[PDB]
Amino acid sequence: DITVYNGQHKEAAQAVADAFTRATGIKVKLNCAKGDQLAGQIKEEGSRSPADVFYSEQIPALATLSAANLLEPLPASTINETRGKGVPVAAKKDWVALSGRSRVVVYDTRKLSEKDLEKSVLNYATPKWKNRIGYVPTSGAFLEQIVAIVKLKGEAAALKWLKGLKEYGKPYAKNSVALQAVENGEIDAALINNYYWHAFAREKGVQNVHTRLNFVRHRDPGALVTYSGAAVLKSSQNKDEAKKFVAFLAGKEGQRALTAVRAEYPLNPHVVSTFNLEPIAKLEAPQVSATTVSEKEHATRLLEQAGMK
């Protein structure tokens, strides 16, 4: 019986949690919140943490925890399960990537066509989009986005981009809120992750949705793709079943259970989504090194500098 600190979306976690419990009989308690938060918590907690597994939407949350030496090394059968082109890997094998999600511009087909969007995410930080483009200053993927821009364009491009969005864009508390504010026509478009779109259309009916996803591709920073992952805590009193849970996640069955219900890119080579996901290669993602702890820090220094924080 295990306790998962779940930074992942509730739908995501309950799919894999339930699928695991069917295969093993092992119960999963879900403690849901922001990975950001839960990572800080786990730090506070030390050996007192009740958390067996940590499930994150983004690798940086895993990286900091890994930098603190709080994660249990995993076997090279878990790790290798999702070993693949461009997939981030832990120096200490103390976490494993599991699924990928693309950066997207979601736009109102009512008001815009793809033709009318930008060929670079850099360009939304502009008078031209004054109150026309939404962003999420607290989103984990937003942070990885700033990271990418610093690496690909430099930290001057990245603060200028932040400041532009600050001045001309509109902020939202979550990506879902961002997307839903666009569907209410409050906002013409917004920077989000791809998988939210699928979920919306499934709940609402695609015929009732007027937004589309745009794919900047061409190794533009906006074409970035980031990775969700999991890990076992050193403190765990249920280590073996915690390792099993994570094995399940990177294994075929775990990937089919997640990707069956959530529009994220599955990382196990033996698995393919039935969600008509845009072919990852066609994404033309920039080939960006993994986010490092002091790369993540730098970017929040920027977040502060720009007025978001």
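Residue numbers here begin at 1 and follow the sequence given.
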Take the C-alpha B-factors listed in the entry for 61-69 and for 271-279, compute each mean, and give the stretch with the larger one. 271-279
Per the record, averaged over C-alpha atoms, which has the higher B-factor: 16-24 or 292-300? 16-24
For the CA B factor values reported in this entry, which option in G229, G134, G140, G205 has the top one? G134
Based on the PDB entry, the highest CA temperature factor among the options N80, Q145, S236, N193 is that of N80
Pull the Cα B-factor of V87 out of the PDB entry and bin it into the chain's lowest, middle or highest third. middle
Thinking about Cα B factors across the chain, which third does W95 belong to? lowest
Splitting the chain's C-alpha B-factors into thirds, which one does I187 fall into? highest
Thinking about Cα B factors across the chain, which third does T259 belong to? middle
Per the entry's values, where does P50 land by CA temperature factor relative to the rest of its chain, in the lowest, middle or highest third? lowest
